[PDB]
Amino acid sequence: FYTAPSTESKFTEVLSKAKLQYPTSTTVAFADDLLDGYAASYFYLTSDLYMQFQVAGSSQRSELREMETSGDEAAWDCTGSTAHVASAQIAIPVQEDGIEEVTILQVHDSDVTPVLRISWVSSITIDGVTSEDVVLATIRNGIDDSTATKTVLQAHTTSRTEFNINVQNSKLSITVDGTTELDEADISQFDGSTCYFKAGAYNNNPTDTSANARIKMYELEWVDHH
C-alpha cells in the first residue's frame, strides 16, 4: 500500500538517471524498475508529493545513485571542465531518537571515498566550536587521508529547503536557499578520480540501531553542462 514516486512526472527524469540501493550498496531497483512503479516502506511517495527515504541500522541506506540513461553508471571526471550540478528540495523531519547523523546528498568517487557528504547532524565540533542540530558539508581531504574539512551550512529546519551542489574544474560549491554556503572549495585531491551523485537517507553512527532515519525530497535532479 505504498504509492510510487514514479507516479509524479517531476521525478521521471531523475529516476531514469538513477538506481536505488537499499539497505546497503546492493541495487534493489534499476531505472526501469523505478519507472515501473517501484515502491516500498523505504522509498515511497507521500500524500503531499514528497519522495521519502527511510532506513534503520548503522551505515544502512535508502539512496539513489546517479546513472546515465544508457544504463552506464555515472563516472564523470571529478575535476573536469564539464560542470555537474545536483539540485534538490529537501524537508528534513525531526529525526527519531537515536538517529545522530543522516547523509542526504553526496558526491562519491568510483571507489570507496565520498568527496562530499551533506548531512544533518545532532552535534558537531569544528575547530573548537560546537553546533547542534545543523546541516553540514564534509569534504574528504584525500583518498589516503581519512580526515575531512567540515562546514556548517544551515541551522536545521523542517521547512522544505533548496540545496544545490555545483562541481566544475577542481572546485565545489554549495548553495542553500539560494545563498552560497560553501564557495569553490578545492577538490583537486580527486584529480584522476571519477565521480557521481547520490541522494536519499544514509544513516551514520546511530545510537539506536532500530530507529528509522527519514528524509523527504520534493524535487531532485542531476545534470551536466558543457
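The first residue of the shown sequence is 1; numbering continues from there.
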| query | finding |
| --- | --- |
| Stretch exceeding the other in mean C-alpha B-factor - 193-201, 171-179 | 171-179 |
| Comparing 149-157 with 104-112, the one whose average Cα B-factor in the PDB entry is higher | 149-157 |
| From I99, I90, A137, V85, residue of greatest CA B-factor | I99 |
| Residue with highest C-alpha B-factor in the PDB entry, from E184, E162, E63, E66 | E184 |
| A4 - Cα temperature factor, lowest/middle/highest third of chain | middle |
| Cα B factor band for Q52 (lowest, middle or highest third within the chain) | lowest |
| CA B-factor ranking of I124, expressed as a third of its chain | highest |
